Every structure is written in structure tokens, then in C-alpha cells.
Amino acid sequence: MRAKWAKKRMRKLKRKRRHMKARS
Amino acid sequence: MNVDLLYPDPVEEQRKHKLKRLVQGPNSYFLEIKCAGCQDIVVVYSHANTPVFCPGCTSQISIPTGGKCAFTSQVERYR
Amino acid sequence: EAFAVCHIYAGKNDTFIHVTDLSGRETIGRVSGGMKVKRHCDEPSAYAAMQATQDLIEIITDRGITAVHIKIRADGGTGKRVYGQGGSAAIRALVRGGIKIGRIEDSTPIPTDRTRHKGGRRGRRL
Amino acid sequence: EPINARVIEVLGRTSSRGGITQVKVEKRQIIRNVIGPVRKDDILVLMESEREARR
Amino acid sequence: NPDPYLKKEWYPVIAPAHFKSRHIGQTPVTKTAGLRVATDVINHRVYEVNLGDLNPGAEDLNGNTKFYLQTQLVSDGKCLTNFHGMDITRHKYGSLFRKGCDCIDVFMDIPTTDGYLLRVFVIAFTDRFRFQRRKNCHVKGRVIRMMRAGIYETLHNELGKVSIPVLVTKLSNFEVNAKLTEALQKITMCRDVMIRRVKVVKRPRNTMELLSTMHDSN
Amino acid sequence: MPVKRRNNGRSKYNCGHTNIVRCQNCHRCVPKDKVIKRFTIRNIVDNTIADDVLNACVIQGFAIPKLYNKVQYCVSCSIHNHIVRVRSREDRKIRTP
RNA sequence: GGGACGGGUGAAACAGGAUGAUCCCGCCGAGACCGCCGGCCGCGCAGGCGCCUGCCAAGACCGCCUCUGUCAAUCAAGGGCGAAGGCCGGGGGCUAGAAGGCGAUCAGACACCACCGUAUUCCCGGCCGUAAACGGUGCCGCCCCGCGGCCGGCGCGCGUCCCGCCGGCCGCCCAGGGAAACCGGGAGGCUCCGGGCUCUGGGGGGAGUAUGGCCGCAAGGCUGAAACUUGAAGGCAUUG
Ligand SMILES: [K+]
Ligand SMILES: [K+]
Ligand SMILES: [K+]
Ligand SMILES: [K+]
Ligand SMILES: [K+]
Ligand SMILES: [K+]
Ligand SMILES: [K+]
Ligand SMILES: [K+]
Ligand SMILES: [K+]
Ligand SMILES: [K+]
Ligand SMILES: [K+]
Ligand SMILES: [K+]
Ligand SMILES: [K+]
Ligand SMILES: [K+]
Ligand SMILES: [K+]
Ligand SMILES: [K+]
Ligand SMILES: [K+]
Ligand SMILES: [K+]
Ligand SMILES: [K+]
Ligand SMILES: [K+]
Ligand SMILES: [K+]
Ligand SMILES: [K+]
Ligand SMILES: [K+]
Ligand SMILES: [K+]
Ligand SMILES: [K+]
Ligand SMILES: [K+]
Ligand SMILES: [K+]
Ligand SMILES: [K+]
Ligand SMILES: [K+]
Ligand SMILES: [K+]
Ligand SMILES: [K+]
Ligand SMILES: [K+]
Ligand SMILES: [K+]
Ligand SMILES: [K+]
Ligand SMILES: [K+]
Ligand SMILES: [K+]
Ligand SMILES: [K+]
Ligand SMILES: [K+]
Ligand SMILES: [K+]
Ligand SMILES: [K+]
Ligand SMILES: [K+]
Ligand SMILES: [K+]
Ligand SMILES: [K+]
Ligand SMILES: [K+]
Ligand SMILES: [K+]
Ligand SMILES: [K+]
Ligand SMILES: [K+]
Ligand SMILES: [K+]
Ligand SMILES: [K+]
Ligand SMILES: [K+]
Ligand SMILES: [K+]
Ligand SMILES: [K+]
Ligand SMILES: [K+]
Ligand SMILES: [K+]
Ligand SMILES: [K+]
Ligand SMILES: [K+]
Ligand SMILES: [K+]
Ligand SMILES: [K+]
Ligand SMILES: [K+]
Ligand SMILES: [K+]
Ligand SMILES: [K+]
Ligand SMILES: [K+]
Ligand SMILES: [K+]
Ligand SMILES: [K+]
Ligand SMILES: [K+]
Ligand SMILES: [K+]
Ligand SMILES: [K+]
Ligand SMILES: [K+]
Ligand SMILES: [K+]
Ligand SMILES: [K+]
Ligand SMILES: [K+]
Ligand SMILES: [K+]
Ligand SMILES: [K+]
Ligand SMILES: [K+]
Ligand SMILES: [K+]
Ligand SMILES: [K+]
Ligand SMILES: [K+]
Ligand SMILES: [K+]
Ligand SMILES: [K+]
Ligand SMILES: [K+]
Ligand SMILES: [K+]
Ligand SMILES: [K+]
Ligand SMILES: [K+]
Ligand SMILES: [K+]
Ligand SMILES: [K+]
Ligand SMILES: [K+]
Ligand SMILES: [K+]
Ligand SMILES: [K+]
Ligand SMILES: [K+]
Ligand SMILES: [K+]
Ligand SMILES: [Mg+2]
Ligand SMILES: [Mg+2]
Ligand SMILES: [Mg+2]
Ligand SMILES: [Mg+2]
Ligand SMILES: [Mg+2]
Ligand SMILES: [Mg+2]
Ligand SMILES: [Mg+2]
Ligand SMILES: [Mg+2]
Ligand SMILES: [Mg+2]
Ligand SMILES: [Mg+2]
Ligand SMILES: [Mg+2]
Ligand SMILES: [Mg+2]
Ligand SMILES: [Mg+2]
Ligand SMILES: [Mg+2]
Ligand SMILES: [Mg+2]
């Protein structure tokens, strides 16, 4: 992948993890 | 041709910067001018940028110019 | 001896040949390159422009006009500044129709400082 | 009403496949394209003198 | 549609008395019918006329200046025009520019002694000396400032208090030009120093006396 | 990818940032010191009719006016339309017009 | 005013027009912008910097037989500024235009091309602190074959020029250097290795991730592992 879009994908992943850990 | 650095020729030494000469020295000097209407004579710095007057006159007789200074209607010398 | 003004709009996509009086407020004959053709891509060509000018000649001789000043323009604005293909064809079809020529001038509208033209900062990617 | 022009000289092969030739005919110096084999001083039948060849 | 030119008629247009080719042309209008009066709707039209058409013969000199004249009275079947502005042609303006030199543009507001207000645009360029080593003509700021100030004081002196007919005399004579050079030549080398535009910003509503003196020679 | 040019493909000397111009063919944004620049002076009427306008002119001493246009293109459009060519490694150093 | 199409494209189609458009000319409104001149020009600590006129404070350089007397260099912590996009609260709203809508193309086209358009783009008060933020080259000091161009200040000479000096921005280049490309105002004076100071790296992945901490309204930013996996990844250059 072009590294810019890999960074975008990783940011979306980290934000999903923060949201799921927010519950409980 | 064989130049010796310990005794440089003064003519080609005066054309260099005052600080990178063998022995640093000033570039300026003093000189005598005569008032256009007074018999007497006064001694003036060559790079002046401050008022200089006659013994009699109240008009300033020098024009500062960023280098050697010019004068108004007076005739000069070198001593 | 009876002067009018010819405005020739020589653009990318069509041509206009338009004769008015000296003030511009009253028109005497107006034709376009797209009223002589069937294919949309041939409206700005030299041949449509010449056949349209030949009928402008017919209109404006019968109304008594004998000479024209020429004001020729491109699109202008923030777009193209060079003339379309039919521009000089109108002038030639005017010279070979009997009209005499006065003053000539370019009237393309040029800005002194401008708004932003379309396309984006990467251009038309074709 | 077609006119008779006369080739004054030959300028070269125009199209991408040979084919037509650019010629100077004649009191004018009109330049036109021809399909056939043209020598010098050939007479051509022009349907109009209005159109001039490109370049 | 019926052909509207069955109801049209043409009127002459006449230039002020300063010029020589006093006939500009004719203009068409629909005959009076109802409420629209023929000699009410052709009033105040604006005509751009080349100076080489108004004073013919000196083509090299007069061929790049244009005068704007607008009618302000229709008397005895004739339209009587008055000064509306001055402008140079587009190719003349484009020709003045090169790379390596300086361009100076200045404008100012000048009242006249008979109720007008003009905006005057002047342009000047720097030039080579006959014996200089370099090929660029750029000048320092002490020179640009002096050139601007000289232009201001000159246009203040020459056009400070003039009338419209005297202004038109000078504009069609290039008198003012021939002195903007004179002021600016004592400073640097400069090639094309000219008034490039005159705009009319505001005028009195009634100009009957001005029009009367402009048309009948006086 | 080593370095191809000493000027890095532009003319930028002792400054941080320069102005933006629009390519006249495709309208992309180009820095001013990189864009390809050409000046042209031409006649408003084509030369192939430059004597028939002249002979059908009433004004005595008329001279055909000219057009003054500065064309500016981006790198891609300049190569595509043959304003500049791809050159040999030795030839790239030549600045002659 | 005049009377049949105009727009748009490689070619077209959707938008427009007898409620008269497109086109010509005059008048009015609003908000952006600052052309040609414009550059191997110039300025600033970097980010950056171009309409007119006025005001305000500053700056480096040069020139000097002016004053002081080591008052300096580099810098964890700490402070300040910082393109564009983005955020909070007000204002404004022309143009262009993420999102969205629509016409084509195509096997498909949710894209490229055409058309319409919201945030945004502009102003004010704050926040955020990142860019291929590049010369991919930290700062101070010394020596260094030469030939040129341009910018600022000064000095000598003849009769604008001409030869120098200092400071800046550039081109070419002997030696020397290097894996080479190339550098050469250093990337030279270095296996013949030591002038001073600060920062960073130690095969490729995993990974700039998990976790903890600080900052932020948020979007983020800064700091930052391990298990495990693998025999290469990479630089510059030659022939096809
Ligand atoms: K990256
Ligand atoms: K990236
Ligand atoms: K990114
Ligand atoms: K020296
Ligand atoms: K000295
Ligand atoms: K001195
Ligand atoms: K049609
Ligand atoms: K605009
Ligand atoms: K546009
Ligand atoms: K648009
Ligand atoms: K678009
Ligand atoms: K774009
Ligand atoms: K755009
Ligand atoms: K776009
Ligand atoms: K873009
Ligand atoms: K971009
Ligand atoms: K791009
Ligand atoms: K982009
Ligand atoms: K585009
Ligand atoms: K200045
Ligand atoms: K100054
Ligand atoms: K200035
Ligand atoms: K590489
Ligand atoms: K590289
Ligand atoms: K570049
Ligand atoms: K620069
Ligand atoms: K610059
Ligand atoms: K160029
Ligand atoms: K490009
Ligand atoms: K049609
Ligand atoms: K705008
Ligand atoms: K300038
Ligand atoms: K300059
Ligand atoms: K300048
Ligand atoms: K500057
Ligand atoms: K400068
Ligand atoms: K300068
Ligand atoms: K400048
Ligand atoms: K400047
Ligand atoms: K001094
Ligand atoms: K210190
Ligand atoms: K130190
Ligand atoms: K520091
Ligand atoms: K620090
Ligand atoms: K710190
Ligand atoms: K900031
Ligand atoms: K920012
Ligand atoms: K925003
Ligand atoms: K808006
Ligand atoms: K706005
Ligand atoms: K956006
Ligand atoms: K879309
Ligand atoms: K897509
Ligand atoms: K795609
Ligand atoms: K739109
Ligand atoms: K937004
Ligand atoms: K907005
Ligand atoms: K923007
Ligand atoms: K805005
Ligand atoms: K910001
Ligand atoms: K980086
Ligand atoms: K760079
Ligand atoms: K450092
Ligand atoms: K200089
Ligand atoms: K200099
Ligand atoms: K300077
Ligand atoms: K200088
Ligand atoms: K100098
Ligand atoms: K100098
Ligand atoms: K020096
Ligand atoms: K120096
Ligand atoms: K120097
Ligand atoms: K330097
Ligand atoms: K440091
Ligand atoms: K570091
Ligand atoms: K680092
Ligand atoms: K690091
Ligand atoms: K965590
Ligand atoms: K918070
Ligand atoms: K919150
Ligand atoms: K928020
Ligand atoms: K949060
Ligand atoms: K968070
Ligand atoms: K975090
Ligand atoms: K490799
Ligand atoms: K690598
Ligand atoms: K690689
Ligand atoms: K690499
Ligand atoms: K090699
Ligand atoms: K290799
Ligand atoms: Mg000195
Ligand atoms: Mg801060
Ligand atoms: Mg801040
Ligand atoms: Mg818009
Ligand atoms: Mg829009
Ligand atoms: Mg960073
Ligand atoms: Mg960086
Ligand atoms: Mg870096
Ligand atoms: Mg320079
Ligand atoms: Mg430079
Ligand atoms: Mg250099
Ligand atoms: Mg380390
Ligand atoms: Mg955490
Ligand atoms: Mg944490
Ligand atoms: Mg190799």
C-alpha cells in the first residue's frame, strides 16, 4: 500500500479501539 | 617575482583592507582648510560627520556623506 | 462612407459576427457559426464562419452600410487569450465581399488581477 | 460555376499515407491539395477559390 | 416579424470644435411613436473615435489615441457631442513593456474650474544610458521616489486649474506629455512618459454653456 | 533516485517561497520560478491575408496592430506539446536558446 | 437593440432560449485579487513577503584615529513563533469547491472528463503544533588553484567608465575527497585518524503498534516496548 493510506487505515483502527475500550 | 612578506611594498599594501595588513593602521587623517573670508586656518578630520564651524561663521561648513566628508565653499590642504 | 462596427467573437466553441452602429447601442446584422452547420464540433471552424459572413454581407449591404471598423476578441476572463479558428476567416470573407476596412483593434477582456479559474490545483487530468 | 486553375508547382506529399499533394496553382497564389498524380502546368477544375489549404 | 428597419431613421453626429474632421457619422433610431421620442433616446450615446480620424494626416502621431465623446443635445436634426474621456489603444499599451527596466504607474484626482472631476493615469519607464556596462536598467529607491514626486508636482502645476476646452486642447496636443518628459529627464533616462488615461468621475447635470462654447468655436 | 539537476528543476535562489501561476493549457498550479515561460509577438490578422486587409483600408498610412502574449505552461504540457524536449545527459547542461 | 439557437467535449449528453436567451452597449451592487514589469533581483529567525497615500516602531551591511573592557560559544529543563488543512465563538459570502447530486464512458466506474453545488476559501478573538517544514547537508572559529555574473556600501585613478576593499546571492572548476553519483564558499585540510558544543543511528519485519504518562474541546501530538518472524532488505553504477 501507499504509506499515506496505510497511516490513514491505522488511525481508523486506533480510533475504533479507543471507542470499544470506552465501554466498560 | 620574489616578494618578501616581511617587507611588503607599501603601494600594494595600501590597497588591502586596513585590518589584514601586516601592521593594522587607520585610513583617515587630518587636514587644514582656509575660511573663504577669514585669513586664518583650521584643522579638520577627514571623515567627519558632526558639525564643523568657522571661527566667525555660524553656518556649518561640512556635509556628512557616509565616507569622506565634503565641505561648503572652502579650499583645503593636507597637513 | 457609411461606417459601422464589426464585433467578431472568435471563441473555442462558436463564432459570432455582429455589426452595430458607432455607439454599439443599435444592431444592423448578427450571425453565428452554429447556424450554418449540423455537427457541434464544426461551429468554431473557418468554413462555417465564412458561410455565415457571406450572409451578413447580404444583410448589411441592403441596409446601406459600406465600411466597418473591426473589434476582434478571444474568450478572455481567466480563460484563453488566443483567437478561435474562424477569426481571420470572417475578416477574409469581409474583404472579399466588398466591405471596406477602417480601424482594427483587439477587444479581449483582460483582468488587472483575477478570481480563481476552474480546474483545481492539479488541472484537467486527461 | 467551376473555375479553371493551373498548377504552378508541387510542394509535397501531405497525408500520413502519401495520397494527396500540396500544389501552388494560379492572378493568385492559391495553395490546394490534390489526390491524383499531378505534373507541372496541369489544369484543375476548382469548385471554389474561397478555401485555401492548411500550412 | 415585420422588419423594424421600415421604421428607422438616421441622425448625424458632430464633434467639438477643437477637431478638423467634424463629422463622426450617422446613427439609426426608431421613429417617434407613443411615448418614446426619437430625439430623447439618442441623447447621451457614447462614441469612441480615434484621434487620427478627428485630425487626419499625422497618422504616426495621432493613431494610438482615442477620445470618448457623448452627445448632450440634439438641435436642428444634429447631435452635439462633448468630452467624455481619453484612452490609448491596446497594442500601444502592450508594446511599452520589456524585461530589465522599471515601470511606474501613477494616478490622481484633479478638479477643474468649471465643476468637473478627472482621474488622470500616467505611466513611465526607465532606460539605458548610452555608455553603461550592465544590460538591466533597474534604479534605486531614491530615484523612484523622486520620479513619482516630480510627476505629482508637474501635473499639479500644468493642470492645476484648467477648463474642459483647455484640457481638450492639451490632451489632443500632447503638450502635458512633452513636459512630464522634461521634468523626468533631469533625473534619469526614461523613454515613454505619457498620460495613458483620462476618466471623468463626476460632472454638473447642466452643461449647456460648456457645450455652447465647445461647439461654436469661440 | 539520486539528484538529477543542480537547480533541482527550478530557479529558486535565496528565498523560501514564491508565487503561484496557473498553466494555460491544463490550469494546474505551478510555482512561478518553475513554469515554462515564452513571449510572443504576432499580427492580429494572419500573414496570408496581411496584404488584402492593407489594400482594402481607407486610412492612409495604417499599420497592422500586433498581439503581445506571455504563455506559461507546466512541465507535463510543455513536454506533451513539444515546447521542450527530453535531452541527453550531456545536452541537459546547455542553456543556449 | 435585434431575432434562432446557445453552452459544453476528443466526440457527445444533462443544465439555458419566442417568460426573447446567447450577442452589443450604458447603469448599478457585492466580495475576493493585485497582471504584463517579475529576475541564476531583493528582504526576513524560519513559516513567508508585490494596488494608492499617510503614520509607527525596527533591521543587517558599509564607513569611522567614537565608547566599554571579556561582558563570549553551544545548549537538558523552560519560554516564543510556526505553510495548508482542521476546531471553538462572532461576521461576511464574489470565485473556486472536500461531501452530495447529476450526464457520459466502461464488462463494471461508486473514478478520471462535463454540469450543479455544502463546509471551506476572506475578516476578528482564541486553539491545534504538524509538511519531501529540503540544500533530504546542525551551530561557532581557522587555512584554502583559479575564471566569471548579479546586489548593497566605500576608496583610488584617468576622461560615464576603470581598478580595488568589505558584506551577500550564484555559475564553472585544478588539486584533494568519495562506493559512486557527485562535492569543491566543502562533502577538502582525516586509518599520516584528537579546535569547541548539542542532537540522532546500529540487518529486515513486527511497529511508531500495545501499555503507562503529559498536553489537546476534538482531530491529535510528544514520549514508546516485548513475544515472535526472517536471509536478506538497501545505495550508487554497467550491459540488455
Ligand atoms: K511518510
Ligand atoms: K506517508
Ligand atoms: K499523511
Ligand atoms: K584585503
Ligand atoms: K581599508
Ligand atoms: K577610507
Ligand atoms: K447547430
Ligand atoms: K476575475
Ligand atoms: K471558471
Ligand atoms: K464551477
Ligand atoms: K470537479
Ligand atoms: K484538481
Ligand atoms: K480551481
Ligand atoms: K477540481
Ligand atoms: K487538488
Ligand atoms: K497537490
Ligand atoms: K499532483
Ligand atoms: K491535490
Ligand atoms: K480537474
Ligand atoms: K526602496
Ligand atoms: K531606499
Ligand atoms: K517599495
Ligand atoms: K534510491
Ligand atoms: K534522493
Ligand atoms: K522542482
Ligand atoms: K530570490
Ligand atoms: K523570489
Ligand atoms: K522557462
Ligand atoms: K507537471
Ligand atoms: K441547432
Ligand atoms: K475571488
Ligand atoms: K519591481
Ligand atoms: K529588481
Ligand atoms: K524590482
Ligand atoms: K525586494
Ligand atoms: K532588488
Ligand atoms: K537591490
Ligand atoms: K524585487
Ligand atoms: K525591487
Ligand atoms: K564615516
Ligand atoms: K555566552
Ligand atoms: K562551544
Ligand atoms: K540555541
Ligand atoms: K529545548
Ligand atoms: K524545550
Ligand atoms: K501560528
Ligand atoms: K498551520
Ligand atoms: K476549518
Ligand atoms: K461564498
Ligand atoms: K467573503
Ligand atoms: K477540505
Ligand atoms: K462527484
Ligand atoms: K474510485
Ligand atoms: K481509478
Ligand atoms: K458550479
Ligand atoms: K471544514
Ligand atoms: K464560509
Ligand atoms: K486555501
Ligand atoms: K473568502
Ligand atoms: K494552525
Ligand atoms: K521525513
Ligand atoms: K526540496
Ligand atoms: K544542533
Ligand atoms: K550592483
Ligand atoms: K555592487
Ligand atoms: K542588497
Ligand atoms: K550598489
Ligand atoms: K556598489
Ligand atoms: K560592488
Ligand atoms: K570580500
Ligand atoms: K564576502
Ligand atoms: K565578494
Ligand atoms: K554564499
Ligand atoms: K541542538
Ligand atoms: K538530531
Ligand atoms: K533526529
Ligand atoms: K531519530
Ligand atoms: K494504552
Ligand atoms: K482534554
Ligand atoms: K470533550
Ligand atoms: K469539536
Ligand atoms: K478525546
Ligand atoms: K483522545
Ligand atoms: K495518545
Ligand atoms: K538495492
Ligand atoms: K533506502
Ligand atoms: K528502495
Ligand atoms: K530510499
Ligand atoms: K560506481
Ligand atoms: K551496484
Ligand atoms: Mg575599511
Ligand atoms: Mg508558544
Ligand atoms: Mg501559538
Ligand atoms: Mg461558483
Ligand atoms: Mg458554483
Ligand atoms: Mg516531523
Ligand atoms: Mg522536515
Ligand atoms: Mg529534516
Ligand atoms: Mg544575485
Ligand atoms: Mg542569486
Ligand atoms: Mg555558488
Ligand atoms: Mg547516537
Ligand atoms: Mg494511551
Ligand atoms: Mg497514554
Ligand atoms: Mg557499481
Computed log₁₀ I(q)/I(0) - Debye formula, equal Cα scatterers, no solvent, chain C, q 0.19 Å⁻¹: -1.01
Taking the Cα centre of the protein assembly as shown as the origin, how large is its charge dipole in debye, to the nearest 20, when only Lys and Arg (+1) and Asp and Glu (-1) carry charge on their Cβ atoms? 6700 debye
If you wrap a convex hull around the alpha carbons of chain D, what volume per residue comes out, as a whole number of Å³? 82 Å³
Once Rh for the range C:13-59 is found with the Kirkwood sum over Cα pairs, what is the Stokes-Einstein diffusion coefficient at 10 °C and 1.306 mPa s, in µm²/s? 145 µm²/s
Out of all Cα-Cα pairs in the range E:6-218, roughly what percent, to the nearest whole number, are more than 22 Å apart? 57 percent
When E:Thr188, E:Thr27 are ordered from fewest to most other Cβ atoms inside 10 Å of their Cβ, what list results? E:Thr188, E:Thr27
Shape category assigned to the range C:32-88 from the gyration tensor of Cα positions, a/c cut at 1.5: oblate
Asserting the computed 222 nm helical MRE of chain E (DSSP H runs at least 4 long, -39500 (n - 2.57) per run, divided by residue count, to nearest 500) equals -7500 deg cm²/dmol
Output the lone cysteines of chain F: those with no second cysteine's C-beta under 4.7 Å from their C-beta. F:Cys15, F:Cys26, F:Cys29, F:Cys57, F:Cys77
Angle check, please: helix E:141-158 long axis (alpha carbons) against the longest principal axis of chain E (alpha carbons), in degrees 0 to 90, nearest 10. 40 degrees
Where a Cα-Cα gap under 19 Å defines reach, which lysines qualify for D:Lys40, not counting those fewer than 8 residues away within the same chain? D:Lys24, D:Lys27
At most 12 other Cβ atoms within 10 Å and a DSSP loop assignment: could you name the GluC sites (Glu not before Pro) in the range C:20-126 that fit? none
May I ask you to evaluate 6.51 cos²θ - 1.76 cosθ + 1.60, the Karplus curve with θ = phi - 60°, for each residue of the range C:73-83 and list the ³J(HN,Hα) values in order in whole Hz, giving x for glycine and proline? 10, 8, 5, x, x, 10, x, 6, 10, 8, 6
The alpha-carbon center of the range B:1-51 and that of chain D are separated, in whole Å, by 86 Å
Using 1/(1 + (r/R0)^6) with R0 = 41 angstrom and r between the beta carbons of F:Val58 and E:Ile187, what's the FRET efficiency to the nearest 0.05? 0.40
Determine which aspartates and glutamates satisfy two conditions relative to E:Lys78: a Cα distance under 19 Å, and not lying fewer than 8 residues away in the same chain. C:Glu1, C:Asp21, C:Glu26, E:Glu9, E:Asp40, E:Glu48, E:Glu209, E:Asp216
Coil-residue GluC sites (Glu not before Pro) of the range E:129-218, DSSP, other Cβ within 10 Å capped at 12: E:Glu175
Give me, ordered by chain and number, the residues 5 or more places off E:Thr27 or on other chains with an amide H under 5 Å from its own placed amide H. E:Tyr11
Within the range F:13-97, chymotrypsin sites (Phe, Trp or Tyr not before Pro) in DSSP loop having at most 13 other beta-carbon neighbours inside 10 Å: F:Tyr13
Output the antiparallel fraction of DSSP beta bridges having both residues in the range E:1-156, as a percent to the nearest 5. 95 percent
What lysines sit close enough to E:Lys135 to cross-link, taking a C-alpha to C-alpha distance under 25 Å and skipping anything fewer than 8 places away on the same chain? E:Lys92, E:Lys99, E:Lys186, F:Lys12, F:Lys32, F:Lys34, F:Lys37, F:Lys70, F:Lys93
Let me make sure I get this right: for the protein assembly as shown, a, b and c are the square roots of the gyration tensor eigenvalues over alpha carbons, sorted descending. Under 1.5 in a/c it's rounded, otherwise prolate if a/b > b/c, else oblate. Which is it? oblate
Compute the normalised compactness of chain B: alpha-carbon radius of gyration over 2.2 N^0.38 Å, N being the residue count. 1.50
Using modelled amide H (1.01 Å from N, peptide plane; none on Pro or chain starts), what sits under 5 Å from the amide H of E:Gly115, excluding residues fewer than 5 places away? none
For E:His156 and B:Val23, extending 7 Å from Cα along the Cα-Cβ vector and measuring point to point gives, in nm, a value of 6.0 nm
Mind jotting down the distance between the C-alpha centroids of the range E:6-22 and chain A, whole Å? 80 Å
How well do other chains shield peptide B:20-32, expressed as the mean number of their Cβ atoms within 10 Å of each residue Cβ? 0
Order these by the 10 Å Cβ neighbour count, fewest first: C:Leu94, B:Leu5, E:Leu51. B:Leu5, E:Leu51, C:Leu94
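Cβ: placed from backbone, ideal geometry, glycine included. Neighbour counts: every protein chain shown. A short reminder: the numbers here are calculations on the coordinates, not readings from a lab.
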